[PDB]
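Worksheet: the structure to be examined is printed underneath.
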Amino acid sequence: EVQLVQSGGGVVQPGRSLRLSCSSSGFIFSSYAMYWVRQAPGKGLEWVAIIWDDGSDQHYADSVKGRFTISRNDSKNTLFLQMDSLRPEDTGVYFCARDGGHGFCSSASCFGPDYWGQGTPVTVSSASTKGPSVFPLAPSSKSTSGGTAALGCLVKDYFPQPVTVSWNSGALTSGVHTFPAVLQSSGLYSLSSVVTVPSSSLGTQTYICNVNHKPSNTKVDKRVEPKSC
Amino acid sequence: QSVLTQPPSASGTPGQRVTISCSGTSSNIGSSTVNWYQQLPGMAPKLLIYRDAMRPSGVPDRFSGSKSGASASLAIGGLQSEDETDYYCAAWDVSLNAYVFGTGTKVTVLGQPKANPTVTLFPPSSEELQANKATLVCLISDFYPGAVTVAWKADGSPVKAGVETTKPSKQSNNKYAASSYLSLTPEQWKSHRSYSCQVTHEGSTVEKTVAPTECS
């Protein structure tokens with residue numbers, strides 16, 4: 001079975017470089033043309049490059065020509081993507097793919113991508129790494145119809161994704177809901193993580209959200225407590 | 001030049017025939033064969049149709065392809081729940097020497113019970129007020145379909161600016177979630193009696209209300 005595994009992706013600032021690699025197995029690598037295809041968050045598939053079986057020629061998308069180089073090492077069954085002078089519009093998931101035909105594409109013939117890899121994410125942003133500011137979202141004294149009290153944490157203005165939030169050191173998993181983060185106009189992210197608890201407990205028990213932002217190494221525990229009312 | 005054109009969406013009820021078109025030029029579809037891919041966003045696509053009308057083994061018989069001139073289509077003959085994904089067509093352009101994707105189509109399997117949203121509203125934290133900032137958070141869960149309209153109101157009046165709202169995102173639930181954040185100054189916050197988050201979903205509007213009344 002043909003496997004393609006992409007590697008190298010990261011978070012960089014504009015003008016900087018990366019190199020992606022795509023390691024393969026389950027086929028005679030040197031026989032096929034190989035692709036790079038990307039996908040910008042919320043957008044469609046966009047072809048980046050192709051390289052012939054023997055690497056004798058390579059073709060690029062207009063947007064990338066001159067900043068990107070596709071190359072291959074048929075000895076080590078690996079495909080590279082050298083990405084220079086990276087631009088925020090290059091943010092995406094990068095896939096390698098195999099061309100299913102006879103080593104190239106032409107006016108005669110082009111099979112197209114047959115097997116794909118899993119993707120490696122690339123983020124190019126003007127932002128720098130920022131740890132979050134962590135605020136408790138205290139459980140309201142205002143009753144609600146039902147056996148509900150909601151409390152949470154606000155994980156505000158971080159970069160980059162992701163962040164890890166657990167509750168009571170992950171000893172609480174029941175009725176936690178951590179929402180998808182917003183990407184503010186800042187370039188920074190914010191998320192919220194809520195626990196709906198039976199209002200009887202609120203005050204009988206203690207709730208702390210544990211927030212871990214690996215990229216910054218910002219680890220914060222916020223105790224979330226009923227207001228003095 | 002750069003793009004195949006697809007309709008942004010195609011829908012139907014389960015068991016119907018749903019087809020997807022893909023409009024190109026002389027230089028790509030007119031010249032070369034067309035592939036179709038099925039993809040869940042950000043995840044690896046999968047080849048569904050190659051060389052206009054061929055199918056790889058494992059692909060269901062209800063998928064067919066067709067091409068003529070500079071146009072191609074995908075047919076789904078008996079729409080099933082599994083078929084809710086993105087679809088791309090693709091082809092090599094002999095003039096540009098490039099491999100061109102279609103702009104892509106989302107399918108939705110029509111019906112599915114409408115689900116009202118759960119609205120949960122938090123006022124600014126004390127500790128964030130000390131930092132001289134204020135965020136109000138409106139969290140909106142367990143809705144279907146994924147189309148909501150969030151408004152912010154202060155006393156009797158629509159809140160101008162400072163609103164960030166996420167685009168709704170499907171849960172494993174098959175229902176949606178969305179957040180909305182209102183940024184103010186602690187003085188704005190404190191200069192009103194009440195703040196509301198109002199969410200309108202399929203002609204129904206839910207409102208939650210918070211007040212600077214911590215122990216007042």
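Labeling convention for the structure tokens: chains A, B, ... as they appear, residues from 1 per chain, ligands from 1 in order of appearance.
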- request: Identify, on the basis of only C-alpha atoms, every residue whose closest approach to stretch 3-15 of chain A does not exceed 8 Å; exclude the query and any residue fewer than 5 positions from it along the same chain; express the result as a PyMOL selection string.
  value: chain A and resi 20-26+84-88+94-97+115-128+160
message: Run DSSP on the backbone and tell me which residues of stretch 31-215 of chain B come out as helix (DSSP H, G or I); list them as a ChimeraX atom specification.
response: /B:81-83,126-130,186-190
Please report as CSV every residue of chain B lying within 7 Å of chain A, along with the nearest atom pair and their distance in Å (one decimal), using only C-alpha atoms.
```
residue,atom,partner,partner_atom,distance
B:32,CA,A:109,CA,6.9
B:42,CA,A:93,CA,6.6
B:43,CA,A:118,CA,6.7
B:44,CA,A:118,CA,5.4
B:45,CA,A:116,CA,6.9
B:47,CA,A:114,CA,6.0
B:51,CA,A:111,CA,6.8
B:92,CA,A:110,CA,6.5
B:94,CA,A:107,CA,5.4
B:97,CA,A:59,CA,7.0
B:98,CA,A:61,CA,6.8
B:99,CA,A:47,CA,6.2
B:100,CA,A:47,CA,6.6
B:101,CA,A:46,CA,6.3
B:103,CA,A:44,CA,6.0
B:104,CA,A:44,CA,6.4
B:122,CA,A:137,CA,6.5
B:125,CA,A:137,CA,6.4
B:127,CA,A:135,CA,7.0
B:128,CA,A:135,CA,6.7
B:164,CA,A:184,CA,6.8
B:166,CA,A:182,CA,5.7
B:214,CA,A:229,CA,6.8
B:215,CA,A:229,CA,4.8
```
task: Within 9 Å of residue A:103, counting only C-alpha atoms, which residues show up once you throw out same-chain ones fewer than 5 positions away? Write them as a count of residues only, please.
output: 9
task: Write down as a PyMOL selection string the residues of stretch 92-135 of chain A whose backbone DSSP state falls under strand (DSSP E or B).
output: chain A and resi 92-99+113-116+120-124+130+133-135
Dump N, CA and C atoms for the selected residues as a short mmCIF file (atom, residue, chain, number, x, y, z; two decimals), in the first residue's frame?
```cif
data_model
loop_
_atom_site.label_atom_id
_atom_site.label_comp_id
_atom_site.auth_asym_id
_atom_site.auth_seq_id
_atom_site.Cartn_x
_atom_site.Cartn_y
_atom_site.Cartn_z
N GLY A 92 -1.47 27.41 4.96
CA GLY A 92 -2.29 26.30 4.47
C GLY A 92 -1.86 24.96 5.03
N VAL A 93 -2.59 23.92 4.65
CA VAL A 93 -2.13 22.54 4.83
C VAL A 93 -1.48 22.10 3.51
N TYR A 94 -0.27 21.57 3.61
CA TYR A 94 0.43 21.07 2.41
C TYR A 94 0.40 19.55 2.28
N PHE A 95 -0.12 19.11 1.17
CA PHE A 95 -0.17 17.69 0.80
C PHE A 95 0.86 17.37 -0.28
N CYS A 96 1.53 16.27 -0.14
CA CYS A 96 2.10 15.65 -1.34
C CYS A 96 1.15 14.57 -1.90
N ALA A 97 1.31 14.34 -3.17
CA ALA A 97 0.52 13.33 -3.88
C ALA A 97 1.38 12.64 -4.93
N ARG A 98 1.01 11.43 -5.25
CA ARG A 98 1.57 10.72 -6.41
C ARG A 98 0.75 11.01 -7.66
N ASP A 99 1.42 11.20 -8.79
CA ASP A 99 0.78 11.17 -10.11
C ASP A 99 0.62 9.71 -10.55
N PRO A 113 -3.33 13.35 -9.55
CA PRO A 113 -3.04 12.81 -8.21
C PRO A 113 -3.82 11.54 -7.88
N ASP A 114 -3.16 10.48 -7.51
CA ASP A 114 -3.97 9.32 -7.18
C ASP A 114 -4.00 9.00 -5.69
N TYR A 115 -2.87 8.85 -5.13
CA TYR A 115 -2.76 8.77 -3.70
C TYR A 115 -2.21 10.07 -3.13
N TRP A 116 -2.69 10.41 -1.95
CA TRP A 116 -2.37 11.64 -1.21
C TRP A 116 -1.74 11.29 0.13
N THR A 120 0.73 18.56 6.06
CA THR A 120 1.52 19.25 7.06
C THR A 120 1.22 20.75 7.02
N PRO A 121 0.77 21.31 8.13
CA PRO A 121 0.27 22.71 8.23
C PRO A 121 1.40 23.75 8.22
N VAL A 122 1.20 24.80 7.47
CA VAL A 122 2.09 25.93 7.40
C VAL A 122 1.34 27.20 7.76
N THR A 123 1.85 27.89 8.75
CA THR A 123 1.27 29.20 9.18
C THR A 123 2.31 30.32 9.07
N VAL A 124 2.06 31.25 8.21
CA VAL A 124 2.84 32.47 8.02
C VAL A 124 2.04 33.70 8.45
N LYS A 130 2.67 34.81 21.45
CA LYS A 130 2.08 35.47 22.61
C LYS A 130 1.46 34.37 23.47
N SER A 133 -3.75 35.50 28.05
CA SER A 133 -4.33 36.00 29.30
C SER A 133 -5.58 35.21 29.69
N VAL A 134 -5.56 34.70 30.89
CA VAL A 134 -6.59 33.76 31.37
C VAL A 134 -7.55 34.34 32.41
N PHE A 135 -8.80 34.53 32.00
CA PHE A 135 -9.85 35.05 32.90
C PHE A 135 -10.94 34.03 33.27
#
```
Nearby residues (only C-alpha atoms) at most 7 Å from residue B:162, same-chain spacing under 6 positions excluded, as a PyMOL selection string: chain B and resi 182-184
Prev. selection, N, CA, C and O atoms, output as a tab-separated table (two decimals), in the first residue's frame:
```tsv
chain	number	residue	atom	x	y	z
B	182	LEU	N	-17.79	40.53	22.51
B	182	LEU	CA	-17.94	41.97	22.44
B	182	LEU	C	-16.89	42.69	23.30
B	182	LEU	O	-16.66	42.38	24.50
B	183	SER	N	-16.13	43.52	22.64
B	183	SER	CA	-15.08	44.22	23.36
B	183	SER	C	-15.51	45.64	23.67
B	183	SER	O	-15.97	46.39	22.78
B	184	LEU	N	-15.39	45.96	24.93
B	184	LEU	CA	-15.64	47.31	25.44
B	184	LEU	C	-14.63	47.76	26.47
B	184	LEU	O	-13.95	46.94	27.14
```
As a PDB file with N, CA, C and O atoms, in the first residue's frame, please: the residues near residue B:8 (cut-off 10 Å, only C-alpha atoms, same-chain neighbours under 3 positions excluded).
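File written: around-v1.pdb
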```pdb
ATOM      1  N   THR B   5     -14.444  26.173 -12.740  1.00  0.00           N
ATOM      2  CA  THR B   5     -15.586  26.702 -11.985  1.00  0.00           C
ATOM      3  C   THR B   5     -16.599  25.637 -11.583  1.00  0.00           C
ATOM      4  O   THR B   5     -17.169  24.953 -12.468  1.00  0.00           O
ATOM      5  N   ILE B  20     -23.135  17.527 -10.008  1.00  0.00           N
ATOM      6  CA  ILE B  20     -22.223  18.653  -9.816  1.00  0.00           C
ATOM      7  C   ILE B  20     -21.497  19.022 -11.118  1.00  0.00           C
ATOM      8  O   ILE B  20     -20.820  18.169 -11.743  1.00  0.00           O
ATOM      9  N   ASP B  86     -17.078  17.968   0.634  1.00  0.00           N
ATOM     10  CA  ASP B  86     -16.622  18.747  -0.524  1.00  0.00           C
ATOM     11  C   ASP B  86     -16.261  17.840  -1.704  1.00  0.00           C
ATOM     12  O   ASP B  86     -15.801  16.686  -1.501  1.00  0.00           O
ATOM     13  N   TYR B  87     -16.451  18.373  -2.887  1.00  0.00           N
ATOM     14  CA  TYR B  87     -16.066  17.732  -4.141  1.00  0.00           C
ATOM     15  C   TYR B  87     -15.273  18.687  -5.033  1.00  0.00           C
ATOM     16  O   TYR B  87     -15.742  19.826  -5.259  1.00  0.00           O
ATOM     17  N   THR B 103     -13.080  25.116  -8.077  1.00  0.00           N
ATOM     18  CA  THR B 103     -13.288  25.962  -6.885  1.00  0.00           C
ATOM     19  C   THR B 103     -14.029  25.191  -5.806  1.00  0.00           C
ATOM     20  O   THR B 103     -13.862  25.506  -4.597  1.00  0.00           O
ATOM     21  N   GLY B 104     -14.667  24.103  -6.227  1.00  0.00           N
ATOM     22  CA  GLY B 104     -15.215  23.143  -5.271  1.00  0.00           C
ATOM     23  C   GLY B 104     -16.677  23.356  -4.894  1.00  0.00           C
ATOM     24  O   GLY B 104     -17.195  24.502  -4.985  1.00  0.00           O
ATOM     25  N   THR B 105     -17.297  22.252  -4.505  1.00  0.00           N
ATOM     26  CA  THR B 105     -18.733  22.155  -4.198  1.00  0.00           C
ATOM     27  C   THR B 105     -18.971  21.439  -2.883  1.00  0.00           C
ATOM     28  O   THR B 105     -18.590  20.247  -2.743  1.00  0.00           O
ATOM     29  N   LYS B 106     -19.754  22.072  -2.056  1.00  0.00           N
ATOM     30  CA  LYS B 106     -20.270  21.415  -0.850  1.00  0.00           C
ATOM     31  C   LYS B 106     -21.664  20.796  -1.045  1.00  0.00           C
ATOM     32  O   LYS B 106     -22.599  21.404  -1.611  1.00  0.00           O
ATOM     33  N   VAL B 107     -21.810  19.566  -0.666  1.00  0.00           N
ATOM     34  CA  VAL B 107     -23.123  18.911  -0.733  1.00  0.00           C
ATOM     35  C   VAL B 107     -23.780  18.892   0.632  1.00  0.00           C
ATOM     36  O   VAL B 107     -23.147  18.509   1.632  1.00  0.00           O
TER      37      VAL B 107
END
```
query: What does the distance from atom CA of residue B:117 to atom CA of residue B:148 come to in Å, to one decimal?
result: 9.0 Å
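Nearest to residue B:59 of all the residues B:73, B:202, B:36, B:136 is B:36, based on only C-alpha atoms.
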Quick one: residues within 8 Å of residue B:52, only C-alpha atoms counted, chain neighbours fewer than 5 positions away excluded, as a CSV table (one decimal) with C-alpha atoms, in the first residue's frame?
```csv
chain,number,residue,atom,x,y,z
B,33,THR,CA,-9.1,14.3,-18.9
B,34,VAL,CA,-10.9,15.3,-15.7
B,35,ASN,CA,-10.6,13.8,-12.2
B,65,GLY,CA,-18.5,10.9,-14.4
B,66,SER,CA,-19.1,12.6,-17.7
B,67,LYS,CA,-17.2,15.0,-20.0
B,72,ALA,CA,-17.6,18.0,-17.0
```
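Computed from the coordinates, the atom CA of residue B:14 to atom CA of residue B:144 distance equals 17.5 Å.
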message: Need the shell around residue A:206: protein/DNA/RNA residues with any atom at most 10 Å away, counting only C-alpha atoms. Skip same-chain ones fewer than 5 positions apart. Format as an MDAnalysis selection string?
response: chainID A and resid 168 201 223:226
query: Out of B:78, B:27, B:153, B:83, which residue has the shortest atom-to-atom distance to residue B:39 when counting only C-alpha atoms?
result: B:83
